[PDB]
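S.K.: Please find one structure pasted underneath; my questions will follow.
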Amino acid sequence: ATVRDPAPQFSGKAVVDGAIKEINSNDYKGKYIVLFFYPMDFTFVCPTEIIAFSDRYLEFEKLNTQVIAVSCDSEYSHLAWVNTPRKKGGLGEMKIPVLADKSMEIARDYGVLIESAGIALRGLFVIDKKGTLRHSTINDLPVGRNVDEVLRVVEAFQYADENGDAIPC
Amino acid sequence: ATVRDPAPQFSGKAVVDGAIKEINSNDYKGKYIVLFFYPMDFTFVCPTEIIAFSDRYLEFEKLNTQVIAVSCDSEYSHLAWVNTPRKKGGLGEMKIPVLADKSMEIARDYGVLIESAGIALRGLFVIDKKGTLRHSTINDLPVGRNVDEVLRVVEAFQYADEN
Amino acid sequence: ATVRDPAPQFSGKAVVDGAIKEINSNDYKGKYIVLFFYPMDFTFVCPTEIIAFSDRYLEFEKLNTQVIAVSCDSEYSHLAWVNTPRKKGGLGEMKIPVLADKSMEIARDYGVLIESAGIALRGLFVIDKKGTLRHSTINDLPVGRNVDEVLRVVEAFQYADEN
Amino acid sequence: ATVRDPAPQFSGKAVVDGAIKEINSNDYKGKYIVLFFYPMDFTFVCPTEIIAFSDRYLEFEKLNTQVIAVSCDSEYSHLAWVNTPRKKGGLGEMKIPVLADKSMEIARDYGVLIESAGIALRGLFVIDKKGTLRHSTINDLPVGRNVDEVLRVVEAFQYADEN
Amino acid sequence: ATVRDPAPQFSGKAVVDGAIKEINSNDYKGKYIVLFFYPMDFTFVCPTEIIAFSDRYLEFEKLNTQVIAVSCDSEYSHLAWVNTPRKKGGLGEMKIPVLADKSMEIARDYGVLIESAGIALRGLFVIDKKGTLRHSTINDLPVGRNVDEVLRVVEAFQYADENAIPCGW
Amino acid sequence: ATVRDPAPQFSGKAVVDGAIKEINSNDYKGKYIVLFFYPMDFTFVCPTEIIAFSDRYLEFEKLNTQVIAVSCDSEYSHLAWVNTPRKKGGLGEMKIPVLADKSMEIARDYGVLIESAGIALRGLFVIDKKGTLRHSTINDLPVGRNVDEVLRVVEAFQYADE
Amino acid sequence: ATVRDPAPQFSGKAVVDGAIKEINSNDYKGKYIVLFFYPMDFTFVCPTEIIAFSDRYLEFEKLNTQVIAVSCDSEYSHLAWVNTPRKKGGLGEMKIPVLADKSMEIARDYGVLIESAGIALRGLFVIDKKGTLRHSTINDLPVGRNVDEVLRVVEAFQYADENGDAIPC
Amino acid sequence: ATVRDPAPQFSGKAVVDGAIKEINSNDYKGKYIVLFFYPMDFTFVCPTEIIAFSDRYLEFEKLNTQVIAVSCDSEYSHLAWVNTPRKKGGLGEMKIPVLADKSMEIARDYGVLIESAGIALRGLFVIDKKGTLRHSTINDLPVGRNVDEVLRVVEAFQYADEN
Amino acid sequence: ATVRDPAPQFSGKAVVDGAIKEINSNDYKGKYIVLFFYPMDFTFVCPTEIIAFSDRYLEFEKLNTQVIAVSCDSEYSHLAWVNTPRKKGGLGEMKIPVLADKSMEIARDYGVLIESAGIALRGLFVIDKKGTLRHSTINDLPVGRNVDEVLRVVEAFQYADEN
Amino acid sequence: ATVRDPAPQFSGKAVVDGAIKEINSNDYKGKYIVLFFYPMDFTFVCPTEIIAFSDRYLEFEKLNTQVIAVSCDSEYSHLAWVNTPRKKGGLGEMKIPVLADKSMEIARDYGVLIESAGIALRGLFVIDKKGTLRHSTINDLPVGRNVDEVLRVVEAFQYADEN
């Protein structure tokens, strides 16, 4: 699974609008998709990054992109975490879907799965409206991702796509 | 892994005194072990079964058996759940260890793993002090396990073993 | 052969109502089936278990489930054992069919066969009307099975099935 | 496994003095061995054949040969049949050992096993004091074996052995 | 190839009535067949066995069974042995066919062939009219086979086929 | 080739101080490495990205990290582009090494090679002093990489280590 | 892939008349083809051979042959080198096509690729109008190729084709 | 196995001077060997060729060559044929060894065996003192071999060998 | 393969009547074929053998048989040799065809090829009108072949064909 | 087997100074070697090319290179062609070695062998003192090679070697 190749389809139960709901990749066609991987729920570390994406979701919606958080934890554990306040280390309200990959099929398709640990690496993927992979970021567990950069990259791809790659020196 | 054959060793991070601690199967040698499998944490259903074993743990201690709950969930989710009050559907205090099988390796060794769903079936296993498997109960997801039966089988095996 | 997967079909000569008769698993579709495995006929141990099921067969019939005892012995030895009075250590009247698995094919399909000894483990299986496996119990040879438990699990599954 | 090759060793629990006892092929070295296979216990047919051998065992003893009956039934079924009087169709007292091959391994080694039915064909084997196979007769199920013939072949081979 | 399984077909040049002739197994489908194997022609040992069968062939004929002697020797060697007087150690007149299995194919099908020596063991086989194998006797080389027994077994099988008796009480 | 695994070693002739010199990954010990992949030399597009790294090279050096630009072009073509003025769309002076991967072995080891086109994707790799891979960014051809981000990530990993 | 076997087709972007253009082997049908392989662009060595071919291209044209230079460098680098004056060590104007084999597939098809170096040897191939390979020369890197010889060979093959066939002593 | 390659060793029981005796190829290592293959004993056809060889054996011995007849028949059948008078179609006295290859191993090694018929082709082989094969003639069954030619070939090879 | 099997077809350019011509085995149907192998051209040794065959070709024609000399040399080398007078070592006139097996495919099909030397052994083959191989003689390089024998063998086989 | 890779060694009987002599590649150390492959001997076409190399051999000796003509023909055919006057279409005297590759091993090592025809293509190879291949020319059969070009290439490489 590499850049310029059709991104692996994915589906499963995710927490949406405070309720567990089935989501599918084909539900979002004509829009960019950002697949966001994080290792595990209920970690002692404050989950500032994912919250950052959820809060700044409107910006993504405006860019016609769907952000989807995903982990190898059950959707029930996800929902529990959603109902846990942010002050307590919970997620609080999440304006983006949080998807369960208990099967671990997704993290393996996206090649971010640590078989040994049963957890996903800190990976991020950008998929155009055609469903092709345009970008991949993979961070080792200690390091999070900046939202501004992701937005920059998405805007960049949209611009290049509508304005075929120009500006010579 | 079948009955009369040595049960697969297992180890991992588990929640025990409301705190996470590494446990190993060999930590309980000279004692019977009851491996208790459940699908997932934070299910909407009240965890009456697992709670029942935890509450009636003393009967097991008297029978020189260690009961161990295990699932394919993170040890963190486990810890969260224990710290969740029983009124909200949590486990509250647990006098038995709750083991994390995030790798899903354990559920695979005991062949109770649903590969498609990434969760374990309701399987229960009894292992003697010699480490051999004497009993396996495997239930489909909707149906739970009775504590008294497990106690009867353990009591039974112990009696047969001495006589 | 695992839980949630369609249970293996089975057929063969069994002693039913005191006579040797060919029976097939598909004869009981639309009914739950409890497959009961025992090691050997004419064991010195009093066959209290199989008798218990036979006696309490009515309770199973009210629940529309068919219990079938099965072993790796010839149907003739079965018939002999049935025709042997209980005071002598026999089975006496059996209100459930006792099935011969001389081929050992069945015990192998249900994976309860001890290859070295040519005998079946004390295994028990629950099959829905669809023919899918909902429950498996496997005991090492010394320990028997409780009727009340089997009934509870059947009632439970039927309940899940109805709502 | 063919004639002129060392005959497969065999061992197992057999009914001998009206009691179950472990016997081994190597217990009988320096004596010829006649391995006698029969399909099943408790057949409706009168067991005239096995009885004939047991009764005329002394003639075999005079030739310093041990005759051993063997079947794929449990030693318990054997004991039951021995404890069944000849008038009712049982074996009554048997002056030859009746060996249990529940594993079916033995019948398989001598290639007399009907895998489909789990029963042995009517085979008979003659083994010298060195343990080599000198003769094999295999009859389909309906037809029995003559004692006088077996005695003739043994007398013949012993004669050949000395000259 | 075991008892209760259809016996392997066989054909070949055999000595019949003093002349070499092609015979085939299917010629006898209305009759039981007794296939008689012996190691070699012109052995120093008096061929008492084969002779016994040849002499008492009429008894087999009364039972509608065909006896056939067979060896791995050429039909010419067979014929030579037939033309050798019994007093000189020959077979003399033979009222049963003596079949050549020079290819050794037959002896191999009935699994009585000693590959190392190129000779057949003293094996005997009884085949019903269906062509199914009902009986096999295999003797090491020093010990011969009794005619009366073969007759007993054949009669027994025929009786059983058309016709047991429980002990009961 | 995955994150947390020792990153593949690499060597080859590169343009560094305006001259061709044999370079190796092991030459830079005690320092982080930023492996910068770009498709081709002499593209019509102004090489704003590579130049950006070259200009802000001091910032990487202060962090004891070595940035290395790499492509599947000959070291000679590299030298040519370097000697080509920025006004013409060239690179001018480059304060970082520019490595030739004509064999394309490097781009294959880092799994960024388009086998069909013979060019590397816009990939970037971060390697610690221990030589283990900590980060990979891979962009399709139209999109460039921001320096501040790379610096942020390096800062992050170095801090966690320390 | 050897002489007397149909020569491998090839296509790709090449610099023609100072501009990049996709060229294909089939564009020159009915004409002989001389495939000229050279290691790399921007070599310090004065490109005397390639210049020689480009200059004496008319001679090739009179013989109905198209000469094509090819290397494993990008078509952009090619265009760059072409725009560099010959006094500076560049190619300047090139009257023959210069083809880019960045994939290296072509150099691999003609077995002139140094896998280790990713460069082509100084190989040259002659292909008739039927598309079959009639001649191959392969030189190690230090030694260049002579034009007059190539011409002798093309004229020779054309002559043999037109003049059936030999001439006895 | 081809010409100029070491000829396959061979051994077995052969009738020599009218008696059966075990012979081996290595018994003749200082002399050339002519291996003579023939289809069958007791053919209606008069065995004139092989007899011719036996008679002119002295010429071969004079050339320090050993001629050996071989067939796929038993050594007993061979002996019978030797002891059968020539007038009646037998071989009578044979001054060369007649070797039995009942196993058919030899004819297969020399590649003259008709697997289908179990008989040898009319093949002839010349083997030097080094044991290497120098010549092979193979005739279809109807056509025999001339002694004089073989002799020519042997003289030729000895002559070639010294100069 | 060997004798009694259809002989391998063969073709190639050969020198006929002092001239080069493409020849095929199938050109000669209804007549026997003798394939004659010799190692190499222009040897210092006098080509007495091939000349002998060429001279007595009429005898073969009377038998309706075609003798064909063949080697692994070019047809040009052949033609050169033919045009070289026998004096000084050439072949002179050849009344039989001389076939080029430059490919060596033929010598390999008849299994007479020395792979190491790239030359054919002195092999000779007889093929009936039906195309089956009836005879093979193979001589090591030092020893030649006699014409009379070949004639005897052809006469024998033709005789057999008619009888 | 490619340029810049060590060239395959070769050896064999070649005609040297009008006589057959064994030659080897390693005999020429400290010298370049030009391996000249030509299809066949005794072609009707005037052998102008090979003659050209033989005549202009001195120029090669001045450059310290050994030119070796080679073909898939016997060294005997070679000797014949040498002994054939040039007026007759022969080579006459040859001041260069003519090597026999009857095995065709060499033409295969240099990959110039047409397997179907058994002849070599018009290939030419240049080998340095180090034994490495520096140049390969391969021409289809109709077209010859220019000597001057070969000289230019050798001169070029020696020059590159010294500077």
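Going through the structure tokens in order, the chains are called A, B, and so on, while each chain numbers its residues from 1 and the ligands are numbered from 1 in the order shown.
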Per DSSP on the backbone, filter segment 42-161 of chain E down to the residues in strand (DSSP E) and report them as a ChimeraX atom specification.
M.R.: /E:65-71,98-100,113-114,119-120,122-127,133-139
S.K.: Output C-alpha atoms for every residue in the selection just made, as a compact mmCIF listing (two decimals), in the first residue's frame.
M.R.:
# COMPACT_ATOMS: atom_id res chain seq x y z
CA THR E 65 -14.82 -72.81 -9.05
CA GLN E 66 -11.79 -72.49 -11.30
CA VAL E 67 -8.38 -73.22 -9.85
CA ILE E 68 -5.45 -71.52 -11.52
CA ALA E 69 -1.81 -72.16 -10.72
CA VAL E 70 0.48 -69.23 -11.44
CA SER E 71 4.18 -68.50 -11.30
CA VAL E 98 -0.62 -73.12 -15.18
CA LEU E 99 -0.19 -69.44 -15.83
CA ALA E 100 2.98 -67.54 -16.63
CA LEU E 113 5.99 -60.77 -5.06
CA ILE E 114 9.46 -60.86 -3.55
CA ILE E 119 9.70 -64.90 -7.25
CA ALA E 120 6.17 -65.09 -5.78
CA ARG E 122 3.20 -69.21 -1.60
CA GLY E 123 -0.01 -67.22 -1.62
CA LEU E 124 -3.53 -68.36 -2.36
CA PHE E 125 -6.58 -66.25 -3.12
CA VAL E 126 -10.31 -66.93 -3.36
CA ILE E 127 -12.44 -64.70 -5.58
CA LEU E 133 -11.54 -60.93 -2.92
CA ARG E 134 -12.90 -63.11 -0.11
CA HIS E 135 -9.85 -64.91 1.21
CA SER E 136 -6.09 -64.78 1.16
CA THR E 137 -3.63 -67.28 2.51
CA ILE E 138 0.06 -66.48 2.41
CA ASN E 139 2.63 -69.04 3.47
S.K.: Quick one: residues within 9 Å of residue 76 of chain I, only C-alpha atoms counted, chain neighbours fewer than 5 positions away excluded, as a VMD selection string?
M.R.: (chain I and resid 15 20 81 100) or (chain J and resid 40 to 44)
S.K.: For the residues in that selection, give me N, CA, C and O atoms as a short mmCIF file (atom, residue, chain, number, x, y, z; two decimals), in the first residue's frame.
M.R.:
data_model
loop_
_atom_site.label_atom_id
_atom_site.label_comp_id
_atom_site.auth_asym_id
_atom_site.auth_seq_id
_atom_site.Cartn_x
_atom_site.Cartn_y
_atom_site.Cartn_z
N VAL I 15 25.46 -34.64 -48.58
CA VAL I 15 26.08 -34.64 -49.89
C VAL I 15 25.61 -35.89 -50.62
O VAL I 15 25.77 -37.01 -50.14
N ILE I 20 25.29 -31.16 -52.70
CA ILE I 20 24.51 -30.90 -51.48
C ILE I 20 23.00 -30.85 -51.75
O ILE I 20 22.54 -30.22 -52.71
N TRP I 81 35.52 -32.97 -48.29
CA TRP I 81 36.12 -34.29 -48.14
C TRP I 81 35.82 -35.20 -49.33
O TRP I 81 36.71 -35.92 -49.81
N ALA I 100 24.97 -34.22 -42.69
CA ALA I 100 25.52 -33.29 -41.73
C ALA I 100 24.56 -33.17 -40.55
O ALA I 100 23.37 -32.96 -40.73
N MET J 40 31.50 -21.14 -40.24
CA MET J 40 31.89 -22.46 -40.76
C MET J 40 33.02 -22.46 -41.79
O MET J 40 33.27 -21.45 -42.47
N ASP J 41 33.69 -23.60 -41.90
CA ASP J 41 34.78 -23.80 -42.84
C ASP J 41 34.21 -24.15 -44.20
O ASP J 41 33.05 -24.53 -44.31
N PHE J 42 35.04 -24.01 -45.24
CA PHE J 42 34.69 -24.45 -46.59
C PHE J 42 33.43 -23.82 -47.17
O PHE J 42 32.74 -24.44 -47.99
N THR J 43 33.12 -22.60 -46.74
CA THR J 43 32.03 -21.84 -47.34
C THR J 43 32.50 -21.43 -48.75
O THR J 43 33.70 -21.30 -48.99
N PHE J 44 31.56 -21.25 -49.67
CA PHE J 44 31.90 -20.92 -51.06
C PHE J 44 32.48 -19.52 -51.17
O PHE J 44 33.28 -19.24 -52.06
#
S.K.: For chain D, list the residues within 10 Å of chain C, counting only C-alpha atoms, and write the list as a list in words.
M.R.: residues 40, 41, 42, 43, 44, 72, 73, 74, 75, 76, 77, 78, 79, 80, 81, 101, 102, 103, 104, 105, 114, 115, 116, 117, 118 and 119 of chain D
S.K.: I want to know what sits within 12 Å of residue 14 of chain F, based on only C-alpha atoms, with residues of the same chain fewer than 3 positions away left out; could you give that as a VMD selection string?
M.R.: chain F and resid 10 to 11 17 to 25 68 to 79 82 94 96 to 102
S.K.: Just N, CA and C atoms for this one: save the residues we selected as a compact mmCIF listing (two decimals), in the first residue's frame.
M.R.:
# COMPACT_ATOMS: atom_id res chain seq x y z
N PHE F 10 23.26 3.86 3.84
CA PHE F 10 23.36 4.38 2.49
C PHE F 10 24.69 5.08 2.26
N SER F 11 25.14 5.05 1.01
CA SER F 11 26.42 5.64 0.63
C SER F 11 26.34 5.96 -0.86
N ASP F 17 30.31 20.46 -0.92
CA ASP F 17 30.83 21.81 -0.79
C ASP F 17 31.08 22.37 -2.18
N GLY F 18 30.21 21.98 -3.11
CA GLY F 18 30.31 22.41 -4.49
C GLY F 18 31.22 21.48 -5.26
N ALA F 19 31.61 20.39 -4.60
CA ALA F 19 32.50 19.40 -5.19
C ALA F 19 31.94 17.99 -4.96
N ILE F 20 32.23 17.07 -5.88
CA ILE F 20 31.78 15.68 -5.74
C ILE F 20 32.68 14.98 -4.75
N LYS F 21 32.06 14.24 -3.84
CA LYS F 21 32.75 13.58 -2.76
C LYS F 21 31.98 12.32 -2.38
N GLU F 22 32.69 11.27 -2.02
CA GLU F 22 32.02 10.04 -1.65
C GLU F 22 31.49 10.30 -0.25
N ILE F 23 30.21 10.01 -0.05
CA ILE F 23 29.59 10.20 1.25
C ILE F 23 28.97 8.90 1.76
N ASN F 24 28.97 8.74 3.08
CA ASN F 24 28.40 7.59 3.75
C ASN F 24 27.58 7.99 4.97
N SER F 25 26.57 7.19 5.28
CA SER F 25 25.71 7.45 6.43
C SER F 25 26.49 7.47 7.76
N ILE F 68 20.26 15.64 4.28
CA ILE F 68 20.87 15.20 3.04
C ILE F 68 19.78 15.12 1.99
N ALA F 69 19.96 15.86 0.91
CA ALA F 69 19.00 15.80 -0.17
C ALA F 69 19.46 14.60 -0.97
N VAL F 70 18.54 13.85 -1.59
CA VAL F 70 18.95 12.69 -2.39
C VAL F 70 17.98 12.50 -3.55
N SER F 71 18.53 12.14 -4.70
CA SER F 71 17.71 11.78 -5.85
C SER F 71 18.32 10.67 -6.68
N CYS F 72 17.58 10.22 -7.69
CA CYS F 72 18.05 9.13 -8.53
C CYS F 72 18.86 9.64 -9.72
N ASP F 73 19.40 10.85 -9.62
CA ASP F 73 20.15 11.43 -10.73
C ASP F 73 21.64 11.29 -10.50
N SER F 74 22.42 11.42 -11.56
CA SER F 74 23.87 11.29 -11.45
C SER F 74 24.43 12.44 -10.63
N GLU F 75 25.55 12.19 -9.97
CA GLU F 75 26.19 13.22 -9.18
C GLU F 75 26.68 14.35 -10.09
N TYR F 76 26.97 14.01 -11.34
CA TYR F 76 27.36 15.00 -12.34
C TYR F 76 26.21 15.95 -12.68
N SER F 77 25.02 15.39 -12.87
CA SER F 77 23.84 16.22 -13.13
C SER F 77 23.59 17.14 -11.93
N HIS F 78 23.77 16.59 -10.73
CA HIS F 78 23.65 17.34 -9.48
C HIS F 78 24.59 18.55 -9.52
N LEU F 79 25.86 18.28 -9.77
CA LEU F 79 26.88 19.32 -9.83
C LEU F 79 26.49 20.39 -10.86
N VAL F 82 23.72 22.54 -9.42
CA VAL F 82 24.34 23.37 -8.39
C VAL F 82 25.04 24.55 -9.05
N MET F 94 24.87 25.01 -2.42
CA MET F 94 24.15 24.14 -1.50
C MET F 94 24.98 23.78 -0.29
N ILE F 96 24.08 21.86 2.04
CA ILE F 96 23.86 20.47 2.39
C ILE F 96 24.31 19.52 1.28
N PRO F 97 24.72 18.30 1.64
CA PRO F 97 25.07 17.31 0.61
C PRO F 97 23.87 16.90 -0.24
N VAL F 98 24.12 16.75 -1.54
CA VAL F 98 23.10 16.31 -2.48
C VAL F 98 23.57 14.99 -3.06
N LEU F 99 22.85 13.92 -2.76
CA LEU F 99 23.33 12.58 -3.01
C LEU F 99 22.69 11.96 -4.25
N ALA F 100 23.53 11.27 -5.01
CA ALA F 100 23.12 10.60 -6.23
C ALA F 100 22.77 9.14 -5.92
N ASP F 101 21.58 8.72 -6.35
CA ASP F 101 21.14 7.34 -6.20
C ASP F 101 20.79 6.80 -7.57
N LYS F 102 21.78 6.77 -8.46
CA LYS F 102 21.56 6.34 -9.83
C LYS F 102 21.12 4.88 -9.88
S.K.: Within segment 105-134 of chain G, find each residue whose DSSP state, derived from the backbone, is alpha helix (DSSP H), and express the selection as a ChimeraX atom specification.
M.R.: /G:105-109
S.K.: Just write the chosen residues, N, CA and C atoms, as a short mmCIF file (atom, residue, chain, number, x, y, z; two decimals), in the first residue's frame.
M.R.:
data_model
loop_
_atom_site.label_atom_id
_atom_site.label_comp_id
_atom_site.auth_asym_id
_atom_site.auth_seq_id
_atom_site.Cartn_x
_atom_site.Cartn_y
_atom_site.Cartn_z
N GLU G 105 14.48 0.53 -17.97
CA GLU G 105 13.89 -0.65 -18.61
C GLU G 105 14.56 -0.91 -19.96
N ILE G 106 14.78 0.13 -20.75
CA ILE G 106 15.36 -0.02 -22.09
C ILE G 106 16.78 -0.58 -21.99
N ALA G 107 17.62 0.06 -21.19
CA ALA G 107 19.02 -0.36 -21.03
C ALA G 107 19.05 -1.80 -20.54
N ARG G 108 18.02 -2.18 -19.79
CA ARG G 108 17.90 -3.55 -19.29
C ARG G 108 17.49 -4.52 -20.40
N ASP G 109 16.62 -4.08 -21.30
CA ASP G 109 16.15 -4.92 -22.41
C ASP G 109 17.28 -5.27 -23.37
#
S.K.: Record the distance separating atom CA of residue 44 of chain A and atom CA of residue 95 of chain A, expressed in Å with one decimal.
M.R.: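 Value for the atom CA of residue 44 of chain A-atom CA of residue 95 of chain A distance: 22.1 Å.
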S.K.: For the interface of chain A with chain F (cut-off 10 Å, counting only C-alpha atoms), please tabulate each contacting residue of chain A alongside its nearest pair of atoms and their separation in Å to one decimal, rows sorted by chain and increasing number, as CSV.
M.R.:
residue,atom,partner,partner_atom,distance
A:2,CA,F:112,CA,8.5
A:3,CA,F:140,CA,6.3
A:4,CA,F:140,CA,6.7
A:111,CA,F:2,CA,8.9
A:112,CA,F:2,CA,8.7
A:121,CA,F:3,CA,8.6
A:122,CA,F:135,CA,9.6
A:123,CA,F:136,CA,9.4
A:124,CA,F:137,CA,9.3
A:125,CA,F:138,CA,9.6
A:126,CA,F:139,CA,9.4
A:133,CA,F:140,CA,8.1
A:134,CA,F:140,CA,5.0
A:135,CA,F:139,CA,4.6
A:136,CA,F:138,CA,5.2
A:137,CA,F:137,CA,4.5
A:138,CA,F:136,CA,5.3
A:139,CA,F:135,CA,4.9
A:140,CA,F:134,CA,5.4
A:141,CA,F:134,CA,9.0
A:142,CA,F:160,CA,7.0
A:143,CA,F:156,CA,6.4
A:144,CA,F:153,CA,8.5
A:145,CA,F:153,CA,8.6
A:146,CA,F:149,CA,8.1
A:148,CA,F:149,CA,9.7
A:149,CA,F:149,CA,7.3
A:152,CA,F:146,CA,9.2
A:153,CA,F:143,CA,6.8
A:154,CA,F:143,CA,9.1
A:155,CA,F:143,CA,9.6
A:156,CA,F:143,CA,6.1
A:157,CA,F:143,CA,6.4
A:158,CA,F:142,CA,9.9
A:159,CA,F:142,CA,9.3
A:160,CA,F:142,CA,6.2
A:161,CA,F:142,CA,8.5
A:164,CA,F:142,CA,8.8
A:165,CA,F:142,CA,6.5
A:166,CA,F:45,CA,7.0
A:167,CA,F:45,CA,6.2
A:168,CA,F:45,CA,4.5
A:169,CA,F:46,CA,4.8
